[PDB]
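Have a look at the structure below, then the notes.
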C-alpha cells in the first residue's frame, strides 16, 4: 500500500530521455538514461527501464521475450521508481586528467 504510493509519487517526474542514477538496495549507484516508464507484463505497478552507461544491467531491453526498449545485452535494467533519481547525471568517465 505505502510502497505503491511512494512509487507513483516518484514516477511523476520521471520522463523517458532523462539522465538518471539507479540505486538498488546495497548496490553501487549506476548512471544511464530512462528508456521506459510505466506498466509492464512481468509484474504489477510502475517500472522504470534504464539504458545504462556501462554493461551493468540484466537485460537487452526485453524481459520474458517482450521488448520494451532497445539496447545492447546487459545494458538494460528495470527497477522501481523509488530506486531512480532523474536529473543532471552525466556519464562517470575520465578521458584524461
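Bear in mind that the values in this text are calculations on the coordinates, not laboratory data. Here the Cβ is made from the backbone with ideal geometry for all residues, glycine too, and neighbour counts use every protein chain on show.
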Touching a residue at least 24 places away in the same chain (Cβ under 8 Å), surrounded by fewer than 19 Cβ atoms within 10 Å (Cβ to Cβ) and touching a strand residue (DSSP E or B) at 6+ places or on another chain (Cβ under 7 Å): is that true of residue 36 in this structure?
yes
Scanning the stretch 1-25 for residues that are loosely packed, with under 13 Cβ neighbours inside 10 Å, free of Cβ contacts under 8 Å to residues at least 24 places away in the same chain and out of contact with any helix residue (DSSP H, G or I) (no Cβ under 9 Å at 6 or more places or on another chain), the one nearest to residue 68 (Cα to Cα) turns out to be 17
Checked 50, 66, 56 against criteria (out of contact with any strand residue (DSSP E or B) (no Cβ under 8 Å at 6 or more places or on another chain) and in contact (Cβ under 8 Å) with a residue 24 or more places away in the chain); the one match is 66
Of the residues 82, 16, 48, which single one is assigned to a loop (DSSP other than H, G, I, E, B), under 12 Å from the mean Cα position of the chain (by Cα) and within 29 Å of residue 1 (Cβ to Cβ)?
16
